[PDB]
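These notes concern the structure reproduced below.
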Amino acid sequence: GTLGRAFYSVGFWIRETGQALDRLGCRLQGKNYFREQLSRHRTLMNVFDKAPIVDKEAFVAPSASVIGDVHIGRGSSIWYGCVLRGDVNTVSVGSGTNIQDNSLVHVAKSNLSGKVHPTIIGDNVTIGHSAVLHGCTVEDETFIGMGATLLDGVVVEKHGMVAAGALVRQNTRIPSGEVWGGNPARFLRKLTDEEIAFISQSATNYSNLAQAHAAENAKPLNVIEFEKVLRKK
Amino acid sequence: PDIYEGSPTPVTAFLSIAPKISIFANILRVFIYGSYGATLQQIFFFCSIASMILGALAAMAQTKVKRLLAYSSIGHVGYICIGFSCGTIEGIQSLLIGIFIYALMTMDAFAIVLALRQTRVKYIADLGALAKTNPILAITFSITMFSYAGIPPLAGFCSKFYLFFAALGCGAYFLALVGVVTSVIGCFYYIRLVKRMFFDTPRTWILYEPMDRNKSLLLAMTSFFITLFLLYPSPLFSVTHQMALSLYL
Amino acid sequence: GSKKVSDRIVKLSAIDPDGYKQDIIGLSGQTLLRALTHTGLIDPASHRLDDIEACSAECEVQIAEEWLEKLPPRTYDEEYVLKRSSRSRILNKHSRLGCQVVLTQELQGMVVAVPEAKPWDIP
Amino acid sequence: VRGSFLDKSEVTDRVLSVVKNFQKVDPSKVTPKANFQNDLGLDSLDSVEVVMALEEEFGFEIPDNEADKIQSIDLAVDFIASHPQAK
Amino acid sequence: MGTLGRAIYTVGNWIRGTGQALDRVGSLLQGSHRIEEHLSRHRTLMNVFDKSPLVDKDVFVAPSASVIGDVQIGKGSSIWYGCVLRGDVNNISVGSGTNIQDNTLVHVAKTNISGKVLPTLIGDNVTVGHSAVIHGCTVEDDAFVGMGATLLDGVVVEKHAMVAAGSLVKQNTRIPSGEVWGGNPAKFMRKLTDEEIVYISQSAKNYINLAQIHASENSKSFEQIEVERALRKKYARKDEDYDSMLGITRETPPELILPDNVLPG
Amino acid sequence: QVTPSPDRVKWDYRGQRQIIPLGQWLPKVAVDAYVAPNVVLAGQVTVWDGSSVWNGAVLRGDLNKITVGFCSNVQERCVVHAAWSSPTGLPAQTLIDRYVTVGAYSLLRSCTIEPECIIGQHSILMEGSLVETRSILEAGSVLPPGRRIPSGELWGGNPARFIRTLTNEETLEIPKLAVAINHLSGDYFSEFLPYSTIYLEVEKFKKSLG
Amino acid sequence: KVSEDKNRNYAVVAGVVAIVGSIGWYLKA
Ligand SMILES: C/C=C/C(=O)SCCNC(=O)CCNC(=O)[C@H](O)C(C)(C)COP(=O)(O)OP(=O)(O)OC[C@H]1O[C@@H](n2cnc3c(N)ncnc32)[C@H](O)[C@@H]1OP(=O)(O)O
Ligand SMILES: CCCCCCCCCCCC(=O)SCCNC(=O)CCNC(=O)[C@H](O)C(C)(C)COP(=O)(O)O
Ligand SMILES: [Fe+3]
Ligand SMILES: [Zn+2]
């Protein structure tokens with residue numbers, strides 16, 4: 001709360017002073033390594049006491065951005081280039097759910113247009129590449145087409161499908177077993193059983209793929225690349 | 001006005017303050033100390049009146065910041081020379097107090113001008129929407145303009161207060177009337193800048209680069225002096241009384 | 001898309017001080033000065049606002065009488081500025097302040113003469 | 001008062017005379033919208049000599065880009081009436 | 001050097017220790033809530049399933065790009081900031097002189113729903129616009145995919161064909177030569193003028209030139225970055241009047257001058 | 001043939017540099033502007049006072065100037081580029097004026113947005129297009145090259161079409177949206193001290209290698 | 001192990017001398 005925020009602010013003053021002192025000490029020794037422009041990107045970023053809570057069996061790509069109060073469950077996966085920003089409200093991701101590359105899952109930045117809705121992503125959900133989820137609920141075992149946009153208030157009922165490139169307008173409800181698509185999103189047809197099987201099997205295949213990518217990313221950083229970057233001329 | 005505009009702005013800032021201190025020291029030690037008397041003071045009386053009137057009108061006509069400041073300085077030397085005209089101990093003391101306060105205020109104003117010269121300020125209209133783009137700078141500059149206009153309890157009132165004190169002391173009501181009218185005119189053309197920075201909604205804005213540490217520190221100190229001098233004015237009063245006495249003893 | 005920027009484009013010809021004719025482009029509803037600064041015929045840095053209170057005739061242009069009837073008559077302030085910024089303190093009948101001329105569709109093809117730049121950067 | 005342009009009414013007659021005075025031009029086909037090549041029986045060499053005569057008349061140089069656009073009378077007129085160096 | 005050198009070095013050690021201890025104390029006062037910034041773990045090129053990307057010598061890969069798995073990129077191509085080329089379940093092939101612009105996703109499929117699953121093929125001299133998404137489709141040579149456009153599995157963009165910016169090209173759709181398609185769903189719009197064909201070629205060549213300056217900048221070392229930062233500050237403004245008084249002519253150092261092929265003229 | 005380089009850097013410990021100068025073209029960021037750590041600014045890019053650029057956005061000014069205005073925001077994963085010239089014949093710099101909200105995942109290339117406009121999420125503004133002041137675009141809009149959004153109007157669609165004229169109150173609410181987003185960005189600006197402490201990690205990585 | 005820049009070291013000595021001298025100046029007045 002307020003007292004925690006005051007201690008966080010005063011803490012930053014002590015840290016600023018200490019880091020300045022370290023830079024002084026390095027300057028007296030004739031070192032300029034602190035001037036190097038290194039990336040300050042954090043895979044998990046806190047905004048005061050709103051931090052992400054990520055399950056140990058969840059793959060998160062290092063270049064992904066998870067900011068604020070974000071919950072990722074077991075067996076879930078946040079792929080390369082994704083951004084999840086729950087600060088004004090919360091963002092929760094169920095288990096076994098894949099958020100594909102360059103997807104954006106965020107909440108409204110301001111309450112000017114009313115109260116800010118949280119974003120709820122259910123279980124065994126597939127979110128396609130470069131999809132935009134904005135304060136919407138996406139129930140279990142649903143399919144969000146790649147390049148699609150879901151606006152605040154939207155509900156995608158279980159076994160719902162949003163077609164690739166679709167624009168689901170604000171407060172639209174997508175019923176179960178329906179395929180909606182286009183701009184604005186409109187009912188196209190019903191979901192077949194083969195496609196339901198594909199939904200579940202695709203969520204399972206991506207959990208196995210996430211595991212493989214997590215092992216290759218956790219491999220220790222190669223020293224030879226470091227020495228090559230260091231000794232360049 | 002022509003030299004103040006045409007010179008490089010730091011030259012304008014320097015010429016606005018130091019030569020006046022030194023030439024007024026000369027004027028005191030030559031005239032107040034020598035002894036021709038009435039004519040010498042009538043010279044300065046008539047020139048003070050002309051300076052107040054002409055400075056007020058010409059400043060009211062200006063659209064560029066540097067010219068406005070030049071004409072304001074002309075008007076203020078008129079106000080200061082009213083003190084030399086009366087030829088008393090309080091006249092010399094008030095002349096010295098007026099010089100000191102005008103110098104600090106001018107240093108404030110030229111610190112702001114040099115800060116805005118990094119984005120090439122030239123016209124009064126260039127300051128449009130400065131209260132949005134840099135609100136604390138617009139407040140500091142508004143304080144300087146109200147101090148220039150003599151609005152109490154800012155330091156600028158002190159000098160204005162004397163003008164009327166001598167006018168009713170040396171028995172001069174035409175001087176008092178000139179002071180009232182020219183003070184009103186000055187107030188108008190100073191608050192026009194506050195209107196430009198706060199009340200206007202221009203279509204095109206100029207975004208200004210932030211100032212360096214030297215000017216921010218000098219501005220902070222001079223602004224604190226301008227707002228808070230009338231709370232503790234004893235040292236300046238005592239020291240100027242000392243100087244006025246030491247002219248003869 | 002039923003609404004193009006070409007709907008607002010105004011075609012125009014400006015003659016530079018060395019007498020060379022150029023075809024310039026501008027938007028209706030914007031001043032002639034904006035169209036002139038697009039190509040650098042007039043330095044934008046010398047006249048950043050479109051206000052008569054920030055003008056020392058750095059935007060001044062000369063226009064023939066045929067296009068001068070298609071414009072509102074010069075205001076007292078405009079003539080004051082032009083006359084005082086003249087080196088001879090003489091008001092030129094074909095002079096207009098480019099910041100006070102708003103381009104409209106009836107000014108299509110208007111030809112404008114751009115004189116030598118006056119000095120504008122005060123030390 | 002000052003001016004930068006020669007009145008158009010003053011320009012048309014000046015271009016009208018120099019073509020009439022120019023040889024191979026009977027002063028009867030010299031309508032103010034005449035083409036030196038088609039309506040005046042002038043070859044390309046004669047047409048070049050006409051723009052030259054107007055340059056000297058108005059005391060200013062005319063660039064090659066615009067020397068060619070002056071193929072008719074009305075065209076020569078407009079150019080000079082809007083050119084400020086014409087005096 | 002010397003005794004004074006050693007004494008100052010030792011005192012600097014003490015000051016550093018004090019500074020880091022103060023930083024630790026300040027972290028404790030914050031409640032340990034702030035997540036510490038760490039060394040970068042993003043890998044520009046990565047192996048997966050014993051598949052390594054095959055990238056030519058003269059290829060710009062932005063350090064922020066992700067090239068993963070079985071990816072082949074040919075001579076003169078360029079992968080820009082934020083691009084993700086994930087060849088983990090199938091092959092991705094990029095021809096020569098092809099630009100994949102910022103924030104673009106290129107992915108493959110192991111088994112499409114119906115029909116023969118195919119890898120992702122992008123031909124020579126192809127322009128792919130910003131934030132496009134290419135999924136299991138074929139783009140032939142001298143084609144143009146607009147920015148924000150989306151190609152689904154089985155799509156074939158033919159030679160000298162265009163996909164308009166922001167389009168959604170449905171599965172198995174074939175954009176024939178000479179046409180531009182667009183909209184959601186993508187459909188025929190009009191024929192491609194020859195001027196637009198020239199535009200496509202020029203776009204590919206311009207991006208080849210742009211890739212050079214970006215690649216040169218992104219591969220500089222810390223020391224060269226510092227040298228050029230000092231030089232840039234040195235030559236940011238000028239006093240040619242005082243220079244003429246001194247009788248000297250300050251010249252822009254060559255490391256701050258861009259090649260003429262990227263200049264607007 | 002694809003002949004690789006044995007010296008190609010596969011892992012860079014520094015990561016992607018946020019500021020990419022190009023010759024003398026140095027991106028210029030105001031001291032009170034928020035730029036997310038993984039944003040890339042390259043070349044002729046100016047980010048003015050009170051503005052904000054959020055995670056994953058790319059602003060590449062290698063072919064023309066890019067300007068983000070006073071209290072304007074360029075939200076997550078937007079791409080702003082520019083060209084040498086526009087089909088309209090006007091100057092082709094990308095100008096995002098003051099109090100402008102550019103919705104996340106939007107692509108801008110040589111477009112002008114006049115002050116106090118809202119660009120919907122996932123929108124596309126192409127070369128030479130113009131959005132006049134006090135206008136709003138819906139999410140998913142597509143503005144083709146050289147097109148124009150007239151002032152005081154709400155547009156949307158692919159390609160964008162007129163929807164309705166805005167009321168006064170709706171237009172008064174646009175600068176409030178920009179100001180609120182800047183207020184939010186203040187919280188993110190407050191999380192970063194002037195220097196990072198990565199160089200210490202680099203130092204111990206170097207020491208643990210000799 | 002050692003700071004090499006001699007001019008930097010002399011400047012450091014001058015700064016320390018100024019600080020200690022100012023402290024002594026206060027302490028003896
Ligand atoms: C060297 C540097 C190279 C680069 O980096 S460039 C790569 C990044 N740039 C781009 O991706 C943009 C390239 N240009 C285009 O995509 C463009 O639009 C395009 C290539 C379809 C064509 O755009 P045009 O300006 O030529 O529009 P048209 O008049 O020819 O088409 C008519 C029609 O199409 C529609 N319009 C046209 N363009 C599009 C689209 N795309 N979508 C939707 N709707 C459109 C519109 O409705 C128009 O009117 P309506 O019939 O009333 O609807
Ligand atoms: C001050 C004096 C010093 C300078 C003068 C020096 C001497 C000048 C003479 C030198 C130039 C020549 O003879 S150079 C030779 C000039 N003649 C030719 O070009 C031969 C081909 N003829 C034609 O092209 C046409 O008959 C022609 C009428 C020209 C135009 O075409 P039109 O029929 O479609 O008008
Ligand atoms: Fe003007
Ligand atoms: Zn995929």
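Residue numbering restarts at 1 for every chain of the structure tokens, chains are lettered A, B, ... in their displayed order, and ligands are numbered from 1 as they appear.
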Strand (DSSP E) positions in chain F, given as an NGL selection string: :F and (19-20 or 28-29 or 34-35 or 40-47 or 52-53 or 58-68 or 73-74 or 79-81 or 94-96 or 101-102 or 107-109 or 112-113 or 118-119 or 124-125 or 130-131 or 136-137 or 142-143 or 148-149 or 153-156 or 161-165)
8 Å contact set for stretch 45-61 of chain D, only C-alpha atoms, chain neighbours under 5 positions out, as a ChimeraX atom specification: /D:15,18-19,22,36-37,67,70-71,76,80,85-87
Within 6 Å of residue F:133 using only C-alpha atoms, minus same-chain residues under 6 positions, as a ChimeraX atom specification: /F:114-117,151
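Of the residues listed (A:125, A:150, A:210, A:61), A:150 shows the shortest atom-to-atom separation from chain F; distances use only C-alpha atoms.
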Polymer residues at most 6 Å from stretch 61-77 of chain F, only C-alpha atoms, same-chain spacing of 6 or more positions, as a PyMOL selection string: chain F and resi 42-55+83-84+93-105
Ligand 3: which residues are within 8 Å, counting only C-alpha atoms and all ligand atoms? Reply as a tab-separated table (two decimals) with N, CA and C atoms, in the first residue's frame.
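Resulting contents of result-v1.tsv:
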chain	number	residue	atom	x	y	z
C	47	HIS	N	9.90	31.11	-39.87
C	47	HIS	CA	8.50	31.48	-39.63
C	47	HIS	C	7.79	30.21	-39.18
C	50	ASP	N	1.91	30.60	-37.76
C	50	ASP	CA	1.08	31.26	-38.77
C	50	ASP	C	0.32	32.43	-38.17
C	51	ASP	N	0.95	33.16	-37.26
C	51	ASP	CA	0.32	34.26	-36.55
C	51	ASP	C	0.95	35.57	-37.01
C	52	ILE	N	0.11	36.60	-37.16
C	52	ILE	CA	0.64	37.91	-37.53
C	52	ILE	C	1.47	38.50	-36.40
C	54	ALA	N	3.76	36.90	-34.85
C	54	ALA	CA	5.08	36.29	-34.93
C	54	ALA	C	5.63	36.41	-36.35
C	55	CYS	N	5.48	37.58	-36.95
C	55	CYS	CA	5.81	37.78	-38.35
C	55	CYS	C	6.55	39.09	-38.51
C	56	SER	N	7.72	39.03	-39.15
C	56	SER	CA	8.45	40.21	-39.58
C	56	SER	C	8.64	40.19	-41.09
C	57	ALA	N	7.58	39.80	-41.80
C	57	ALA	CA	7.55	39.72	-43.26
C	57	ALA	C	8.59	38.75	-43.81
C	58	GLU	N	9.02	37.76	-43.02
C	58	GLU	CA	9.83	36.68	-43.56
C	58	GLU	C	9.03	35.82	-44.53
C	59	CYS	N	7.71	35.92	-44.50
C	59	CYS	CA	6.83	35.16	-45.37
C	59	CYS	C	6.37	35.95	-46.58
C	60	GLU	N	6.90	37.15	-46.78
C	60	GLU	CA	6.38	38.04	-47.80
C	60	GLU	C	6.60	37.47	-49.19
C	97	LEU	N	1.60	39.05	-47.19
C	97	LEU	CA	2.20	38.22	-46.15
C	97	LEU	C	1.76	36.78	-46.35
C	98	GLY	N	2.72	35.90	-46.64
C	98	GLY	CA	2.38	34.51	-46.93
C	98	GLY	C	1.70	33.79	-45.78
C	99	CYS	N	1.91	34.26	-44.55
C	99	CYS	CA	1.26	33.63	-43.40
C	99	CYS	C	-0.22	33.99	-43.30
C	100	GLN	N	-0.67	35.04	-43.98
C	100	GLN	CA	-2.05	35.50	-43.91
C	100	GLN	C	-2.86	35.12	-45.14
Exercise: residue A:188 partners within 7 Å, only C-alpha atoms, chain neighbours under 6 positions left out, as a list in words: residues 179, 180 and 181 of chain A
Save the residues we just selected, N, CA and C atoms, as a compact mmCIF listing (two decimals), in the first residue's frame?
# COMPACT_ATOMS: atom_id res chain seq x y z
N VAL A 179 -18.25 -20.75 -35.56
CA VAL A 179 -17.10 -20.12 -36.19
C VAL A 179 -17.54 -18.72 -36.63
N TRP A 180 -16.95 -17.69 -36.04
CA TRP A 180 -17.22 -16.30 -36.42
C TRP A 180 -15.99 -15.70 -37.07
N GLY A 181 -16.21 -14.85 -38.07
CA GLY A 181 -15.09 -14.27 -38.80
C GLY A 181 -15.48 -13.01 -39.54
Shell of 8 Å around residue A:14, only C-alpha atoms, local chain residues under 6 positions omitted, as a PyMOL selection string: chain E and resi 22-23+25-26
Go ahead and write the residues just picked, N, CA and C atoms, as a JSON list (two decimals), in the first residue's frame.
[["chain", "number", "residue", "atom", "x", "y", "z"],
["E", 22, "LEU", "N", 25.37, -0.36, -0.23],
["E", 22, "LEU", "CA", 24.23, 0.56, -0.20],
["E", 22, "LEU", "C", 23.14, 0.13, -1.17],
["E", 23, "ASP", "N", 23.53, -0.36, -2.35],
["E", 23, "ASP", "CA", 22.53, -0.85, -3.29],
["E", 23, "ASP", "C", 21.77, -2.04, -2.71],
["E", 25, "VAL", "N", 21.25, -2.65, 0.51],
["E", 25, "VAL", "CA", 20.38, -2.12, 1.56],
["E", 25, "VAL", "C", 19.14, -1.48, 0.95],
["E", 26, "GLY", "N", 19.32, -0.73, -0.14],
["E", 26, "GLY", "CA", 18.18, -0.12, -0.81],
["E", 26, "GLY", "C", 17.23, -1.14, -1.40]]
